[PDB]
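Chemist: Shown below is the structure under consideration.
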Amino acid sequence: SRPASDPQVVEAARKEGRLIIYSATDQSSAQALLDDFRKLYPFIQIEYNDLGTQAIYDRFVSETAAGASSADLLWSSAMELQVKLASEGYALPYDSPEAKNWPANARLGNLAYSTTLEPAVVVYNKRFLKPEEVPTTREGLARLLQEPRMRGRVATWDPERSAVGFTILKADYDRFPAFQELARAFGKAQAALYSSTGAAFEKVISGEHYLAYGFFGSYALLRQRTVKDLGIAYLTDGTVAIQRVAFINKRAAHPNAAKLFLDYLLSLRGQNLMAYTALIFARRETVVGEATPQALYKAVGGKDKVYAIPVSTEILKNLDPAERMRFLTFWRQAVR
Ligand SMILES: O=S([O-])[O-]
Ligand SMILES: [Mn+2]
């Protein structure tokens with residue numbers, strides 16, 4: 001039940017009566033959260049803007065620079081872009097009463113918050129690869145992708161075009177040495193490179209591709225409901241998890257509505273609704289559903305096989321020229 005937002009915030013939110021969100025989260029994934037927020041707080045008109053991760057950063061920066069009305073709350077899997085904004089004066093400092101036991105590495109102090117722990121998984125078409133054929137390690141996937149029969153049948157992110165594709169593949173490269181071998185295997189298999197989870201899943205579902213690497217498990221579980229032939233394989237040699245980052249615009253027209261929504265996302269109710277109905281992999285460990293930390297940990301063989309990218313300024317290294325250059329120079333030569 002009800003998030004522990006202050007009564008004064010709730011009244012103030014009622015005077016605002018509107019809530020502008022910029023979000024990367026596919027609205028079809030996010031809808032159950034909007035619907036459930038509407039029941040808590042029927043008096044808040046929501047404008048959900050489903051936008052690419054890069055478009056959110058560019059939109060917010062230019063709107064802000066012009067004095068324009070922008071969003072009240074920004075929610076996105078592009079973790080570098082969000083931590084940059086939130087560490088540079090775009091964030092309203094708010095100490096959420098629902099985050100008192102958030103680890104220090106899932107919050108930028110009072111400036112920004114992790115709302116999810118979403119694994120980068122393998123999705124495959126069971127009509128072309130049965131489960132016993134899909135390896136669960138970067139080594140195994142590399143050997144599979146040496147098969148001629150797999151040439152043209154693999155998708156992954158374009159880290160040059162998707163800002164969250166950059167987040168995932170950069171974290172894969174920093175933490176798993178076997179990633180390099182796997183990247184070159186993508187070059188051998190003429191891997192096709194995608195700027196959205198949806199584009200890659202359709203191609204996999206159609207059979208144009210047999211296997212997609214590094215897309216959100218959240219989206220793949222939702223799609224599985226409707227597509228029997230869509231398979232999910234979790235990596236047992238190490239799993240990158242993103243934490244979808246939430247902050248309030250310092251210059252929100254409706255800061256208290258943004259506070260309620262943030263508090264909702266962090267609450268036992270939002271996290272449970274995430275795990276059970278939105279099928280978004282929740283941040284809280286005491287959640288019930290398919291999309292949970294406990295179902296991820298079981299799948300990969302323990303919490304210690306998950307590298308959770310922290311909501312920290314440390315990850316801005318990923319935007320420093322020399323760090324950006326080494327990754328993308330590696331990636332372009334590997335993938336060919
Ligand atoms: O591959 S399905 O069984 O998650
Ligand atoms: Mn999306």
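Letters for chains follow the order of the structure tokens (A, B, ...), residue numbers begin at 1 for each chain, and ligand numbers begin at 1 in the order shown.
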List every residue of range 260-293 of chain A that DSSP, applied to the backbone of this structure, places in alpha helix (DSSP H), and write the result as a VMD selection string.
Modeler: chain A and resid 260 to 266 268 to 273 293
Chemist: Keeping C-alpha atoms, export the residues of the selection given above as a compact mmCIF listing (two decimals), in the first residue's frame.
Modeler:
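Contents of the output file result.txt:
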```
# COMPACT_ATOMS: atom_id res chain seq x y z
CA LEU A 260 5.06 11.43 -5.45
CA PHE A 261 6.00 9.47 -8.61
CA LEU A 262 9.60 8.93 -7.53
CA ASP A 263 8.34 7.78 -4.07
CA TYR A 264 5.84 5.48 -5.83
CA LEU A 265 8.57 3.92 -8.07
CA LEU A 266 10.71 3.22 -4.94
CA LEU A 268 7.13 -1.75 -1.90
CA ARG A 269 3.95 -1.25 -4.07
CA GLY A 270 5.74 0.09 -7.20
CA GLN A 271 8.58 -2.45 -6.97
CA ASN A 272 6.05 -5.33 -6.49
CA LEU A 273 3.93 -4.05 -9.39
CA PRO A 293 16.45 -9.95 -8.07
```
Chemist: 12 Å from ligand 2 is the threshold here; counting only C-alpha atoms and all ligand atoms, which polymer residues fall inside it? Answer as a PyMOL selection string.
Modeler: chain A and resi 22-30+49-56+75-78+162-165+195-199+215-216+218-219+244
Chemist: Can you tell me which residues come within 12 Å of ligand 1 when counting only C-alpha atoms and all ligand atoms, ideally as an mmCIF file with C-alpha atoms, in the first residue's frame?
Modeler:
```cif
data_model
loop_
_atom_site.group_PDB
_atom_site.id
_atom_site.type_symbol
_atom_site.label_atom_id
_atom_site.label_comp_id
_atom_site.auth_asym_id
_atom_site.auth_seq_id
_atom_site.Cartn_x
_atom_site.Cartn_y
_atom_site.Cartn_z
ATOM 1 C CA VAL A 121 20.306 -11.363 -21.315
ATOM 2 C CA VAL A 122 20.276 -13.551 -24.475
ATOM 3 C CA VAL A 123 16.966 -13.949 -26.360
ATOM 4 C CA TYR A 124 16.699 -16.628 -29.067
ATOM 5 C CA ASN A 125 14.068 -18.196 -31.366
ATOM 6 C CA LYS A 126 13.353 -21.747 -30.107
ATOM 7 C CA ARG A 127 12.433 -22.693 -33.767
ATOM 8 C CA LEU A 129 18.046 -22.863 -31.490
ATOM 9 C CA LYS A 130 16.625 -25.142 -28.797
ATOM 10 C CA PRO A 131 17.727 -24.338 -25.208
ATOM 11 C CA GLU A 132 20.446 -27.099 -25.186
ATOM 12 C CA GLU A 133 22.082 -25.227 -28.152
ATOM 13 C CA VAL A 134 22.303 -21.760 -26.432
ATOM 14 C CA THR A 136 25.234 -19.212 -21.169
ATOM 15 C CA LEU A 211 19.744 -14.862 -31.188
ATOM 16 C CA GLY A 217 15.259 -9.213 -19.567
ATOM 17 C CA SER A 218 12.298 -6.959 -18.547
ATOM 18 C CA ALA A 220 11.948 -10.158 -23.136
ATOM 19 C CA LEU A 221 9.579 -11.519 -20.338
ATOM 20 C CA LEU A 222 6.712 -9.237 -21.449
ATOM 21 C CA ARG A 223 7.217 -10.391 -25.089
ATOM 22 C CA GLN A 224 7.397 -14.099 -24.023
ATOM 23 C CA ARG A 225 3.743 -13.796 -22.730
ATOM 24 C CA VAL A 227 5.515 -15.274 -28.277
ATOM 25 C CA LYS A 228 5.989 -18.974 -27.362
ATOM 26 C CA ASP A 229 9.139 -19.331 -29.555
ATOM 27 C CA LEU A 230 11.006 -16.549 -27.693
ATOM 28 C CA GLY A 231 13.614 -17.996 -25.265
ATOM 29 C CA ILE A 232 15.660 -16.245 -22.540
ATOM 30 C CA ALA A 233 19.142 -17.419 -21.556
ATOM 31 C CA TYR A 234 20.936 -15.778 -18.556
ATOM 32 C CA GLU A 290 8.910 -13.333 -12.411
ATOM 33 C CA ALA A 291 10.951 -10.025 -12.718
ATOM 34 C CA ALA A 295 14.875 -14.943 -9.982
ATOM 35 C CA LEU A 296 17.954 -13.258 -11.589
ATOM 36 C CA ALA A 299 19.294 -17.948 -12.952
#
```
Chemist: Applying 12 Å and only C-alpha atoms, which residues near range 4-9 of chain A remain after dropping the ones on its own chain fewer than 3 positions away? List them as a ChimeraX atom specification.
Modeler: /A:1,12-16,40-41,94-100,254-269
Chemist: Using only C-alpha atoms, pick whichever of A:128, A:60, A:331, A:176 has the shortest atom-to-atom distance to residue 205 in chain A.
Modeler: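 Closest candidate: A:128.
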Chemist: Env of residue 169 in chain A: 9 Å cut, atoms = only C-alpha atoms, seq-sep filter 2 positions within chain, self excluded. Answer as a list in words.
Modeler: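 Counting only the stated atoms, we get residues 157, 159, 164, 165, 166, 167, 171, 172, 173, 174, 179, 214, 240 and 327 of chain A.
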Chemist: Tell me, in Å to one decimal, how far CA of residue 106 in chain A is from CA of residue 3 in chain A.
Modeler: 19.1 Å
Chemist: Could you give me, as a PyMOL selection string, the residues within 6 Å of residue 20 in chain A, counting only C-alpha atoms and dropping anything in the same chain fewer than 4 positions from it?
Modeler: chain A and resi 47+71-72
Chemist: Kindly save the residues from that selection, with N, CA and C atoms included, as a PDB file, in the first residue's frame.
Modeler:
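Dumped to out.pdb:
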```pdb
ATOM      1  N   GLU A  47       1.593  13.191 -18.418  1.00  0.00           N
ATOM      2  CA  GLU A  47       2.091  13.141 -19.810  1.00  0.00           C
ATOM      3  C   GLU A  47       3.376  12.325 -19.779  1.00  0.00           C
ATOM      4  N   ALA A  71      10.487  18.573 -18.624  1.00  0.00           N
ATOM      5  CA  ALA A  71       9.856  17.619 -17.734  1.00  0.00           C
ATOM      6  C   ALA A  71      10.074  17.850 -16.260  1.00  0.00           C
ATOM      7  N   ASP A  72       9.163  17.327 -15.471  1.00  0.00           N
ATOM      8  CA  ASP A  72       9.256  17.267 -13.991  1.00  0.00           C
ATOM      9  C   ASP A  72      10.162  16.108 -13.560  1.00  0.00           C
TER      10      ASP A  72
END
```
Chemist: Could you write out, as a PyMOL selection string, all the residues of range 216-307 of chain A that DSSP marks as strand (DSSP E or B)?
Modeler: chain A and resi 216+230-233+239-242+245-249+282+306-307
Chemist: Excluding same-chain residues fewer than 2 positions from residue 143 in chain A, what lies within 12 Å of it counting only C-alpha atoms, as a short mmCIF file (atom, residue, chain, number, x, y, z; two decimals) with N, CA, C and O atoms, in the first residue's frame?
Modeler:
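New file around20.cif:
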```
data_model
loop_
_atom_site.label_atom_id
_atom_site.label_comp_id
_atom_site.auth_asym_id
_atom_site.auth_seq_id
_atom_site.Cartn_x
_atom_site.Cartn_y
_atom_site.Cartn_z
N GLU A 133 21.14 -25.79 -27.15
CA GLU A 133 22.08 -25.23 -28.15
C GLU A 133 22.60 -23.86 -27.70
O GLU A 133 23.64 -23.43 -28.24
N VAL A 134 21.90 -23.15 -26.80
CA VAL A 134 22.30 -21.76 -26.43
C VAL A 134 23.29 -21.81 -25.27
O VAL A 134 22.96 -22.22 -24.17
N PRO A 135 24.56 -21.39 -25.47
CA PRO A 135 25.52 -21.30 -24.39
C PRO A 135 25.13 -20.13 -23.47
O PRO A 135 24.42 -19.25 -23.91
N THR A 136 25.57 -20.19 -22.21
CA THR A 136 25.23 -19.21 -21.17
C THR A 136 26.50 -18.46 -20.77
O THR A 136 26.45 -17.74 -19.75
N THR A 137 27.57 -18.59 -21.54
CA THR A 137 28.82 -17.84 -21.27
C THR A 137 29.26 -17.14 -22.55
O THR A 137 28.89 -17.60 -23.64
N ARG A 138 30.01 -16.05 -22.40
CA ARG A 138 30.65 -15.30 -23.50
C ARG A 138 31.58 -16.23 -24.30
O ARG A 138 31.65 -16.08 -25.50
N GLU A 139 32.28 -17.16 -23.65
CA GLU A 139 33.17 -18.13 -24.35
C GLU A 139 32.32 -18.97 -25.31
O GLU A 139 32.62 -18.98 -26.51
N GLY A 140 31.29 -19.63 -24.77
CA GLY A 140 30.37 -20.52 -25.49
C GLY A 140 29.69 -19.82 -26.64
O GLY A 140 29.60 -20.39 -27.73
N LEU A 141 29.21 -18.60 -26.41
CA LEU A 141 28.53 -17.80 -27.46
C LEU A 141 29.52 -17.48 -28.59
O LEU A 141 29.11 -17.54 -29.73
N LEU A 145 29.25 -18.71 -32.56
CA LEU A 145 29.21 -17.63 -33.60
C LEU A 145 30.34 -17.80 -34.63
O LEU A 145 30.39 -17.00 -35.58
N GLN A 146 31.23 -18.78 -34.43
CA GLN A 146 32.21 -19.26 -35.46
C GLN A 146 31.52 -20.16 -36.48
O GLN A 146 32.14 -20.56 -37.45
N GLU A 147 30.29 -20.60 -36.24
CA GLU A 147 29.61 -21.47 -37.22
C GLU A 147 29.23 -20.60 -38.41
O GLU A 147 28.70 -19.52 -38.23
N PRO A 148 29.55 -21.00 -39.65
CA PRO A 148 29.01 -20.32 -40.82
C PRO A 148 27.50 -20.16 -40.79
O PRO A 148 27.10 -19.07 -41.16
N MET A 150 25.52 -19.57 -38.58
CA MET A 150 25.11 -18.46 -37.68
C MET A 150 25.46 -17.11 -38.32
O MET A 150 25.03 -16.10 -37.73
N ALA A 178 36.31 -12.01 -21.63
CA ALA A 178 35.78 -12.91 -22.68
C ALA A 178 34.91 -12.12 -23.67
O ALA A 178 34.60 -12.63 -24.75
N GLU A 181 36.70 -11.47 -27.12
CA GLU A 181 36.59 -12.67 -27.98
C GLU A 181 35.18 -12.68 -28.59
O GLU A 181 35.07 -12.86 -29.83
N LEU A 182 34.16 -12.37 -27.79
CA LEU A 182 32.74 -12.40 -28.20
C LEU A 182 32.47 -11.29 -29.22
O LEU A 182 31.76 -11.56 -30.19
N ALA A 183 33.02 -10.10 -29.02
CA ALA A 183 32.92 -8.97 -29.98
C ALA A 183 33.48 -9.38 -31.34
O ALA A 183 32.82 -9.16 -32.35
N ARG A 184 34.67 -9.95 -31.37
CA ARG A 184 35.27 -10.42 -32.64
C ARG A 184 34.35 -11.49 -33.24
O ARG A 184 34.21 -11.52 -34.46
N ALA A 185 33.68 -12.30 -32.41
CA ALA A 185 32.77 -13.35 -32.91
C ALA A 185 31.56 -12.70 -33.61
O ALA A 185 31.14 -13.20 -34.65
N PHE A 186 31.06 -11.58 -33.07
CA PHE A 186 30.05 -10.70 -33.72
C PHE A 186 30.50 -10.23 -35.11
O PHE A 186 29.65 -10.12 -36.02
N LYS A 188 32.74 -11.90 -37.05
CA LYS A 188 32.69 -13.13 -37.86
C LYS A 188 31.25 -13.42 -38.30
O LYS A 188 31.03 -13.79 -39.47
N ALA A 189 30.28 -13.27 -37.41
CA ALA A 189 28.86 -13.63 -37.66
C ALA A 189 28.10 -12.48 -38.34
O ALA A 189 26.95 -12.68 -38.60
#
```
Chemist: Ranking A:241, A:144, A:74, A:235 by minimum distance to residue 301 in chain A and counting only C-alpha atoms, which one comes first?
Modeler: A:235
Chemist: Which residue, A:278, A:117, A:200, A:104, has the smallest gap to residue 34 in chain A when you use only C-alpha atoms?
Modeler: A:278
